[PDB]
């Protein structure tokens, strides 16, 4: 696959509908902990242990401590130059009547904080809740999300469970509900929102240029989306830190931090 920035820029200059698939690497360049992969732990657990319906069923306080920590951590994190290049791209192209959409698995909203408006968050958001009784989804940026979680969620091994009674965990504020809230994030073993998948398909079907950023095109989630773009003859450009593009078929591979390559690519 080509590494010619000048050739990519020629496609970019003509593209009227860009899909940008954004993976964990974009968030990692902002220092956002993912609690996945080697070394990434919260206390003695990884996300595979806590981001599950079973974990929440048995230990909702521990799961809420985990997500509370991750919410509060965001107060010290900022979008990186990759987020900014992507947002600035959307803004500039939008004034020209050209579409940019970001499809991200990241749940930390740094794309939104950078100014991205056209955003499909396929794994949901740390800053949305869903009521386990009535289903309502709500924005929630409160620090702390409930009083009982103030000062909880410390990540250090040895930290004991807060063991907050479920009545004092975040509760639904719809009139006449009061049900127990969960984070509006996709957990292991769960379905994506079919409505989001429908929106994703529409974008993949109409785009004339696809970028895969901060992840590989041959693993989830990009592997679910990029192949059918490439099948239509649409160029796919990969921006990630792998030395070997674990793939041919795709037109471009640019190695490096997205905050180094994307400002130039999307200028």
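By rigid core we mean the largest C-alpha set that fits within 1.5 Å across both forms. Numbering follows the first chain given and starts at 1.
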Check your understanding: Core-superposed in 8 other deposited structures of this protein, which stretch deviates more in Cα positions, 226-234 or 194-202?
Key -> 226-234
Check your understanding: How do 122-130 and 73-81 compare in 8 other deposited structures of this protein: which one has C-alphas farther from this form after the rigid core is matched?
Key -> 73-81
Review point. Which has higher Cα B-factors on average according to the PDB entry: 139-147 or 178-186?
Key: 178-186
Review point. With respect to the recorded C-alpha B factors, which stretch has the higher mean value, 245-253 or 6-14?
Key: 245-253
**Study point:** Residue with highest C-alpha B-factor in the PDB entry, from 234, 222, 213, 51
**Key:** 234
Point to revise | Options 218, 28, 47, 63 - largest CA temperature factor per the record | key: 218
Check your understanding: Lowest, middle or highest third: where is residue 24 by Cα B-factor in its chain?
Key -> middle
**Study point:** residue 238 - which third its CA temperature factor falls in, relative to the rest of the chain
**Key:** lowest
Check your understanding: Is the Cα B-factor recorded for residue 131 in the lowest, middle or highest third of its chain?
Key -> middle
Exercise for review: Quick one: classify residue 108 as lowest, middle or highest third of the chain based on its Cα B-factor.
Suggested key: lowest
Point to revise | residue 100 CA temperature factor, ranked by third within the chain | key: middle
